[PDB]
Amino acid sequence: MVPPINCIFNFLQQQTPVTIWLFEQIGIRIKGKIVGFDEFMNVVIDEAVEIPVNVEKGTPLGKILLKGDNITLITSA
Amino acid sequence: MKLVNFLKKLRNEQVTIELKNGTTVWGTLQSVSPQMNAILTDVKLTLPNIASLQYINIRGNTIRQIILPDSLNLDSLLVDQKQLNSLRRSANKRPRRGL
Amino acid sequence: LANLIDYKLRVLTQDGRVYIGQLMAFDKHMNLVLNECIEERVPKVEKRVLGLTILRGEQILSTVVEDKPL
Amino acid sequence: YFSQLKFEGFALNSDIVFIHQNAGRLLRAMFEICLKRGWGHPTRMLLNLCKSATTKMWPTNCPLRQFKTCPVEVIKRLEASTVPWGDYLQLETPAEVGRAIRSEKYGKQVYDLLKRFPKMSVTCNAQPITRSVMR
Amino acid sequence: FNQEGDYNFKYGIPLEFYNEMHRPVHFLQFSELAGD
Amino acid sequence: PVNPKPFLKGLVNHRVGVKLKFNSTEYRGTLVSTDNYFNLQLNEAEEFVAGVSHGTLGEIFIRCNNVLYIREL
Amino acid sequence: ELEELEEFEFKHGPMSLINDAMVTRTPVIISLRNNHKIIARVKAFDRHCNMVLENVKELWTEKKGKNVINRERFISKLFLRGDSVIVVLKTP
Amino acid sequence: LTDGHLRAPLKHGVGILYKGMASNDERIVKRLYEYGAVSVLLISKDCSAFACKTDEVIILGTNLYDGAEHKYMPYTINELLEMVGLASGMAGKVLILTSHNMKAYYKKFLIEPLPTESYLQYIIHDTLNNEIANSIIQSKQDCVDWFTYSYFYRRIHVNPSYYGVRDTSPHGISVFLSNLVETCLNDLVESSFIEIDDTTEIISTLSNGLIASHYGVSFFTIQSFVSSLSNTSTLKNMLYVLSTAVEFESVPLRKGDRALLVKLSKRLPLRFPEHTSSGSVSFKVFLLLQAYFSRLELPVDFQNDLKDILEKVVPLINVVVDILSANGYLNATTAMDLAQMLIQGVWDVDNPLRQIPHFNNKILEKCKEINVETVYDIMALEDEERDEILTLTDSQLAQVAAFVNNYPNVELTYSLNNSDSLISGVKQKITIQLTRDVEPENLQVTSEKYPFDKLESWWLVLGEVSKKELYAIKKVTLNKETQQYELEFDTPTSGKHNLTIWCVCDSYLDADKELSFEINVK
Amino acid sequence: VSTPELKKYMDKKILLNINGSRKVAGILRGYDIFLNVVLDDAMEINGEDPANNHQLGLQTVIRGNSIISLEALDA
Amino acid sequence: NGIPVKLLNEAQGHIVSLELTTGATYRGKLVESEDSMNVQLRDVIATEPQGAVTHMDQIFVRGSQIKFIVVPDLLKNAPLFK
RNA sequence: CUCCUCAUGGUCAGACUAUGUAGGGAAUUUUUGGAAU
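In C-alpha cells, the structure reads:
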C-alpha cells in the first residue's frame, strides 16, 4: 500500500528487469533495468529491448532515456 | 515575447484559420483571447460546402495556424511588449548644451 | 463569451457531434453548462434530448450563436 | 451642454446639438486668438471652457468624472463633500483615501486612478542673459 | 470656513468674488433644477 | 541518483538516435544540446523511417513532446 | 536575474536553431503533425514554438486513383501554433 | 558608390554630406560643389566643422532631437554661427527656418554680439578636486584665493543674478562663494575624495580623489562608480558601470538609434540591467561596446557614436580597474581583461587569433589548420607560411607585421629579498625582473577598430585567488628591453599564503604571463 | 495539488480499465496526488480468454493519466 | 474554483449520467465529485457503444476521461442564474 | 476578454467583491496535442 514513486525506487535498488506498457500502443512494449528516474517519470533504462508482440521478437537498444508520457504501466519480469 | 499579444493586435483583421481537425475558417477577428480563443464575425467556415455564421468562437488549442493578410505590418506589430517592459522599468553638469 | 450568456448556442465537440443548448455559465477551462441541451449527429436525424449538461473545455472545438434566449 | 442636460422639448435639443458640434471649435478658436494677443485673464478661463466643451463638465465637478472606470456614487460623494482638490491629490495611503472619501469600498481603485491623474512637481529658475534678454 | 484654523498658502492669481470656483453650490442646484 | 538529465548531459557531444512515439521517424545525429523541458537539437542528422535511411537532414530540432526515447549509438 | 537566465538558456539550447533562423533570416523547413511541411523564413518565435513565418511554401502529399502526387502552395504571411510542430530543420 | 544612397540624390544635382561617410565619396561631393557640378549640398549639423565656402546658405530646422533630453531642442547660436560662416557673395544670403518662439532669440543674438557666461558652477566639484590633488590649494582660504582666478569670478560680479547670488557686494560675493566651495568640500569628503581636519586647516587626498582627478573623470561619474562597484562583481556589471557616466552626455540620439538598439539587442553578447532606463545614453553606450566586441556591420550613424564612446572610455576603464585595486579586490583581473578588449576589439574567450589585425572567419580557420592557439606561435612563424595564410593587401600585411613585432613575448621573473624571514603586517619589497623580446623603437599600439592612437603599458599584479584579494599592483611603461621594478607591499596574515603574479598588458590580449609562488608568513 | 480520496478503495480488489481497451484486475495498494496507482496481485485480462498474473506479490504501478476508470469488485 | 464545478458539487446525491472519452455511458447516483472532476458513482447501469448494458456497484472515473455529464433538472433553478 | 496567483482596500466569521506599471494561463484532470493513416 505504497506510493508509486517508492515502488519505482525499489525497482531501482533491486535492479530487476522492468517491462513498460506504453500509451495507446499494444503492439510494442519496452523492457530493461531502471538505473534512474526523475520527477517527470522519465527513466534511464539499461539493456533495453523493444518487444513487438505481433513467440515474441525484439530489438536490443542498449541504454535509453524513455519519456514518462509514454508510460502506461510499469512492471517487473 | 508572447505571440498571443501579437494576435491580440489583430482585431478587425480578415484571416483564414486552418485548424488541427483540418477545418478552414474565414472571417474578421473581433478579438482573440490570451488562450488564443478567437472570436470572429462574418465567418464562412468549411469543415473537411461552406456554412455562413454571424459569430464563431474557437478554442485556442484547436487552432492549427492563422493565415494573415499580406498587407499586415509585421515589423510594427512584433515590437510592442519589449517597449512596454521598458516603460514598466522606467547633479550639476546637466547642460552639455549652452545658451 | 459573457455576451453569449443565456443565448441558445451550438457547440461542436471534438468527436464531431453537435450539441445545442442555452449557455448558462462558463469557467476558465471553458467548461460550459448547457440547459435544455439536445444532440444532433449527422446534420433532422439522430436528435436526442439530453437536458442539463456540462461540457468539458478540453473537448469543445467551437461555439456559434444559434437562437435568442428563452 | 457643459452640465450634461438632455431635454424633452427637442427644439432646444436640436440647437444644443449644433452647439455640441461647433462649440469646442469656436471656444478653441477664441482661446488661440487670446493666446496670440497675449492676454492673461481670458486665456486661462477660455482654456478651462475649451476643456469643458471637450470633456463636458465644470470645474466644480471633480476631474474623476472624465475617467471611464470611476464609479458614479464616488463622484457624487466628492461633489457633495466640499473639499479642495489638492488635498485629495496629496493623499497617499489607499485605506486613508477610502476613509477620506468616507466609502471604504473602491478606495484602492480611487488611489490607483489618482496616480493616473497628472501631478507635477514643477520648479523654475529664471536668470538674465543680459539686461534686455531673460532666460 | 473656520475663523481660527490653519491653512497652507501659495503664490498665485486670485479669483473673482463670484467665480466658478467660489460658486460650486450653484452647479449642483443648476443641474438639480432639471434633476437627475 | 543518476537522473535522466545527467545521463543526457553526458550524452551531449555524442552520436545518438531518437525514436519518436510515431516510430514513423527516427533521427540519428550528434546531440548538440537539450533544454530543461527536454527539447532536442541534433547536428548532421539522418532520418530513418521504417528502419531505412530516408535522407540526411542536418541541423535539426525535435519537439520534446514527440520523443518516445533517446538511445546512444 | 531570472529573465537573464531564461534568455541565455534559450540561446545555448536547442532553441538556438530558431534564434539563428530569425537573426540570419534563413529558411527553415518544419515537419508538422498534419503531415504537411512548411519551408519559410522565421519572422518571430515563442517558447511554445508559435511562429510568424514569411514566404511560406507548404508541401504535402495526396493520394488519388493513381500514383501519389505532391501538392504545394505559397502563403506569404503565416502564423503557426506551437503544438503542430513535429520538427524544425535548419539546412543550407 | 560608397555611402550606399549617395548615388541617386547626387545624380540629380543635390549632394549629401554627413559625418562618418566614406572619405573619398565625401571628397567627390565637395569637388562637385567647388566645380559647380552640384549646385546644392545637404550637410548634417555635426559637419559644420567642414567648411565648404558657399555663395548662399539655407538652414532647415532649428530643432535637433536628443534622446537624453527626450524632446527636440533648438540649436546653439554657436552652431548657427559656424553655419553662417560658409556663405559669402554676389551678396551673402542666409536663410534660417525657425519657430516663432526661437525667432526673437536667433534674430537678436546673431546680429548683436553673444553675451558670454561661465558654467563652472556646474563642474566646481571636479575642478576643486583637481586643485586639491595638485596640492596647490592646501586649505579653504587657498581655494577661495584660487577662485579669484576664474572668468566665473568677474562674471558673478558683473551679473550676480544669473548665478543666483542675491547679495551684490564684496562681502556678498565672498559669502556666496565660500558657501559654494564649502558644499563642494562636503561632497568630496563624503565621497572619500579628501579629508579635512582642524589644526589654518588641513586637507588631505585619498586614493579615490587621486585617480579621479588625475584621469580627469568627473566627480559624479566617480561617485557612481563607487556606489556600484564592490567585491565579487562581474564583467557585465563592470561594463554597465562603465556605461553609466556623465562623459556620454555628448553622444546624440534621434529615436532611430534607440529603436535600432532594441532591434540590435538580439545579436549582442550581453543584456542591460533591468532596473535602469533604456532611453538613457548609458544603454546605447552599452550596446555600442557590445557591437565593438562583436564586429557587427553598423550603420554609419552608429559608427560616429562608437568613435565618441571610444574617445571617452580609456580613462574611464583605467579608473574602473584602478578603483577596484584601491578597494583591494583580486577581481581587477576581469577589469584588466575588459580594458584589453576595449583597446583591441575582441572577447577573451571567443578567440585570441582575432586579436591580430584584420582577421576574419576564413583566415582564422587557416590558423586552426596549422593548429595555432596563442599569438606567440605567430612570432615563430616564417614568411612563406604567412604568405599562404594571408592573401590581402600590403598596408594590412604591414600593420600585422608591426603588431607581431611590438607585441612582446616578455618573461616574468621575481627576486624576493628574504624567503626565510617573513613577518606579518610589514612592508615587503619584491624586485620583479621583466624582460622583453625586442626593444621598442616606439610604443605605438596598432588596432583597426580603435582609430585613435595608444601607447602600450603594463600592469604587475600580486594576489591570492581563493580569497579574491589583490595584494599589490603597479603600472609600468617599458621603454627599455629589460628592467626591474620593486613592489612595496604589505604581507598577509600568518601561515601559508598563495601569491600569484600576473603581467597583464593594457592593450594586447592573451599576453597574460603568470607565475605562482607561496610563502609562509609568521 | 489535490489528492484523490481513494482511501475508501484501499486494500480492495478493483478492475481498472485503461487506454487502448486494456483491462487489469488487482488490489489497490498505493496512490499519490498524480492518481498514479500501485496494484498488487495484478492480473492482465487479454483480449480473448486468458489472463496472466503479471505481479502476484511484486505489484505494479499504473499511470493515473493512463487510468480510464476503476471498478470496485468488493463493497 | 469553477462555477460549473460548484454546480457539479451540488449534483452530489442525485442521479447523473456520464459519457467518457471512450463513449461508454454510466448512469447512477453520484457519491462524490472532486475539484478535478473525478467522480465516485453508485449502482451504475452502463451502456457501451456496441449497445451492451451491464450493472456495477461502485465505479470511480477520472475527471480527464469524462466527455460530459448530464445532471438532474432540479438544479437549474439557482443560484447560477446570476 | 477570461481564470489563477500575488498585492491590496473593504466587509463577514478562511471566504467574497472592486483596483493593480504586478507574475502567470508547454511535464499526468482541461489552452501548447497520442496524433496520423
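Residue numbers (this note's numbering), protein chains in the order written: chain Z, 22 to 98; chain V, 290 to 388; chain E, 4 to 73; chain X, 55 to 189; chain W, 2 to 37; chain S, 8 to 80; chain D, 188 to 279; chain L, 917 to 1438; chain A, -16 to 58; chain H, 30 to 111. Just so it is clear, CB atoms sit at the ideal spot from N, CA and C, and this is done for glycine as well.
Residues bridged to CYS40 of chain E (per DSSP): E:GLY54
Within chain X, the residues that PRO25 of chain W reaches when beta carbons sit closer than 7 Å: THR114
Contacts of residue 116 of chain A in chain H (Cβ-Cβ under 9 Å): Because residue 116 of chain A is not part of the residues shown, which for chain A are -16 to 58, the question remains open.
Classification of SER271 of chain D by the beta-carbon crowding that lies within 10 angstroms, buried from 16 upward: buried
Own chain residues within Cβ distance below 6 Å of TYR1323 of chain L, not counting five before or after: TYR1424
Enclosing beta strand (DSSP E) for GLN1206 of chain L [first to last residue]: Counting along the chain, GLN1206 of chain L falls outside any beta strand (DSSP E), though it belongs to the alpha helix (DSSP H) covering 1197 to 1209.
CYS1059 of chain L, DSSP secondary structure in three states: helix
Residue closest to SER52 of chain A, alpha-carbon to alpha-carbon, out of H:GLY42, H:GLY31, H:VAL45, H:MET66: H:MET66
Delimiting residues of the beta strand (DSSP E) encompassing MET27 of chain E: 21 to 28
CB contact below 8 Å: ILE63 of chain E versus chain V: yes
Cβ contact (3+ pairs, closer than 8 Å) linking the region 36 to 44 of chain E and the region 55 to 71 of chain E: yes
Cβ-Cβ distance between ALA57 of chain S and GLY36 of chain S below 8 Å: no
Expected contact under 8 Å - CB spacing of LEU73 of chain E and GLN25 of chain E to nearest Å: 7 Å
Chain W contact residues for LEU59 of chain X, given Cβ-Cβ distances below 8 Å: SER32, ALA35
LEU1258 of chain L and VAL1236 of chain L closer than 8 Å at C-beta: no
Contact belief for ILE88 of chain H with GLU54 of chain A at Cβ below 8 Å, rounded distance in angstroms: 5 Å
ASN222 of chain D burial status per 10 Å Cβ neighbour count (16 or more: buried): exposed
Beta-carbon gap between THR1137 of chain L and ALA1161 of chain L smaller than 8 Å: yes
Proximity of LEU15 of chain E and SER65 of chain E at Cβ, strictly below 8 Å: yes
Environment of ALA953 of chain L [buried if 16+ CB atoms lie within 10 Å]: exposed
Given 8 Å, three or more beta-carbon pairs between the region 931 to 941 of chain L and the region 956 to 974 of chain L: yes
Nearest-angstrom Cα separation, counted from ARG383 of chain V out to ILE1072 of chain L: 20 Å
Short CB-CB distance (under 8 Å) between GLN354 of chain V and chain D: yes
Cutoff 7 Å; reference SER1166 of chain L; Cβ partners in own chain excluding five residues on either side: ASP1224
The region 69 to 77 of chain S / the region 26 to 40 of chain S touching (three or more Cβ pairs under 8 Å): yes
Through-space distance from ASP69 of chain X to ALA134 of chain X, alpha-carbon basis: 31 Å
CB contact flag (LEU33 of chain Z, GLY48 of chain Z, <8 Å): no
Any 3 or more C-beta pairs closer than 8 Å across the region 1047 to 1060 of chain L and the region 1111 to 1119 of chain L: yes
Proximity winner among L:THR1398, L:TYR1387, L:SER1311, relative to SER1363 of chain L (alpha-carbon distances): L:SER1311
is_contact[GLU68 of chain Z, chain A] using C-beta, thresh 8 Å: no
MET22 of chain Z versus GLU79 of chain S: straight-line alpha-carbon distance, rounded: 37 Å
Beta-carbon proximity of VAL151 of chain X to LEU145 of chain X, cut-off 8 Å: yes
Exposure of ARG943 of chain L, with buried meaning 16 or more beta-carbon neighbours within 10 Å: exposed
Span of the alpha helix (DSSP H), counted from its first residue to its last, around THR1099 of chain L: 1086 to 1106
Interface flag, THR80 of chain Z vs chain A, CB-CB below 8 Å: no
Secondary structure of residue 1439 of chain L, DSSP reduced to three states: For chain L, the structure presents residues 917 to 1438; residue 1439 of chain L sits outside this window and is missing.
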